[PDB]
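Here the structure comes first, spelled out in structure tokens, and everything after it is commentary.
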Ligand SMILES: NC(=O)c1ccc[n+]([C@@H]2O[C@H](COP(=O)([O-])OP(=O)(O)OC[C@H]3O[C@@H](n4cnc5c(N)ncnc54)[C@H](OP(=O)(O)O)[C@@H]3O)[C@@H](O)[C@H]2O)c1
């Protein structure tokens with residue numbers, strides 16, 4: 001009954017996750033919500049920085065999350081590029097000025113500003129959210145048979 | 001009968017055999033010594049400085065992935081199209097009465113209508129055409145989760161289930177995809193004997 | 001059986017010359033959204 | 001071969017008395033004695049390498065030709 005009750009309360013529980021919880025519903029653009037497959041690559045990036053990069057310290061919260069965000073731009077370019085080229089991100093250390101490491105890629109493939117995620121770039125994004133040996137992601141990416149793990153894993157340091 | 005010596009004068013350069021055999025015997029020396037000297041100095045550079053910092057110079061180079069498309073018609077802005085049609089056309093047609101194709105598809109000897117227009121217009125398959133003809137011929141499958149423990153997410157063999165990238169699919173399959181598509185000697189097991 | 005048949009197709013862009021502007025770019029935004037959604041659905045199904 | 005006698009003097013620490021020495025079909029031995037000064041567990045600070053180069057005579061009695069002469073700071077091994 002888990003997946004179905006999550007089906008009926010979907011619009012509801014994500015409103016609450018956005019309103020009153022630590023790890024918000026990830027797929028939320030400009031206040032209005034959506035799913036991972038409704039969010040464009042550019043939005044995925046511009047949100048990953050909103051939740052994994054600290055503007056006040058101007059520093060990533062972890063090298064693990066910066067590695068996450070980098071391995072994501074890796075496929076972003078792996079998809080939209082036509083032939084084999086050199087990475088626009090050669091060491092993720094470039095992400096230390098993020099809003100420009102974004103433009104650097106999303107000017108090399110302006111298409112990823114308009115087209116949603118390819119579906120193989122969703123389950124990858126998820127297998128990167130449940131990768132061991134990395135700090136769990138500070139948001140909720142999806143509702144499925146692992147929802148509470150996503151919901152209350154490593155939920156102490158936040159204080 | 002005429003002879004027509006279209007020879008540049010190669011009957012004059014004397015003892016041409018080894019004069020030739022020397023010119024190339026030198027081009028292998030000057031080639032191979034700069035093969036051997038170059039690799040060891042690059043190898044010298046790896047023991048005084050170590051490859052721990054020399055690996056950051058090995059740049060990361062990305063393989064394109066297959067991103068199929070739907071080929072929707074592009075819509076140029078309104079000023080462009082109000083120009084191509086006669087200016088008097090607007091307000092002049094009962095649009096309820098203008099038929100218009102809105103979708104289309106196909107199942108031919110070349111797969112869908114996207115992967116026949118390739119061997120039709122372009123004579124050969126793209127990457128997005130070779131992955132689709134790989135998927136609709138049951139060569140490659142999908143997989144996400146954990147195979148070999150490691151999380152694999154992407155195309156895989158379908159017979160051996162062993163991971164395969166969309167950059168090594170055109171090399172690995174394009175031979176058979178084209179071997180078994182289009183007008184062919186009739187394969188009996190497609191027609192139950 | 002002597003069934004012939006000849007159908008001709010015109011280029012779609014001659015159509016939009018027959019509609020008012022605000023309606024066109026209204027339709028334009030409308031397709032833009034459907035295209036993305038169709039992209040999404042085509043890839044989920046193709047995968048699974 | 002003849003292309004190794006090139007890669008040899010292609011090197012800076014390989015020097016002889018007469019670089020014109022006929023190096024083909026000869027047999028070169030390297031009785032070298034190296035020094036090293038550390039600055040970390042692995043990052044050297046100063047490496048020296050020296051020791052005569054000898055050649056097999058037709059009597060196979062080794063006779064010196066030149067001297068290995070290497071020195072490098074901040075190495076990571078010995079080339
Ligand atoms: N008795 C009490 O009153 C009390 C009170 C509070 C907490 N606790 C206990 O103390 C623990 C505190 O941890 P938690 O609950 O905050 O964590 P958690 O939500 O239980 O999740 C921890 C898991 O995430 C992974 N992980 C966490 N940080 C990581 C990092 N920096 N790098 C790589 N992987 C990381 C770990 O994987 P690995 O398997 O790779 O490590 C670990 O299995 C709890 O598990 C709880 O049982 C007890």
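Listed values, structure above:
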item	result
Of A:57, A:67, A:40, the one that fluctuates the most in a GNM where chain A has Cα springs shorter than 10 Å	A:57
Taking the convex hull of Cα positions in segment D:5-64, its mean projected area over all directions (nm²)	5.2
Per-residue Cβ neighbour rank within 10 angstrom, fewest leading, A:52, B:3, B:119, B:133	B:3, B:119, A:52, B:133
For chain C and segment B:111-140, distance of Cα centres in Å	22
Contact order relative to length of chain D, as percent, for alpha carbon pairs under 8 angstrom and 6 or more apart	30
Shielding score for B:57-69, defined as the mean number of other chain Cβ atoms within 10 Å	6
Translational diffusion coefficient (Stokes-Einstein; Kirkwood radius from C-alpha pairs) of the protein assembly as shown at 4 °C, 1.567 mPa s, in µm²/s	43
Residue order, fewest to most beta carbons within 10 Å, for A:49, A:44, A:76	A:49, A:44, A:76
Segment B:39-193: relative contact order in percent, alpha carbon pairs under 8 Å with at least 6 residues between	18
Of B:103, B:129, B:138, the one that fluctuates the most in a GNM where chain B has Cα springs shorter than 10 Å	B:103
Kirkwood estimate for chain A, i.e. one over the average of 1/r between Cα atoms, Å	16.5
Spatial separation of Cα centroids for segment D:19-79 and segment A:101-150, in angstrom	56
Estimated FRET transfer efficiency (residue B:136, residue C:9; beta-carbon r; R0 30 Å; 0.05)	0.65
Per-selection Kirkwood Rh - segment B:86-193 (Cα, Å, 1 d.p.)	16.9
Sequence of A:65, D:13 once ranked by neighbouring C-beta atoms within 10 Å, starting from the fewest	D:13, A:65
In Å, descending, principal axis extents of the Cα set of segment B:1-133	88, 74, 38
Convex hull volume of chain C per residue (C-alpha atoms, cubic angstrom)	125
Förster-model FRET efficiency, 51 Å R0, residue D:18 and residue B:61, C-beta, rounded to 0.05	0.60
Top of B:63, B:80, B:11 by mean-square fluctuation, Gaussian network on chain B, Cα under 10 Å	B:11
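Here, each number is a calculation from the coordinates, and none is a lab measurement. Please note: Cβ atoms are built from the backbone with ideal geometry, for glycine as well, and neighbour counts cover all protein chains shown.
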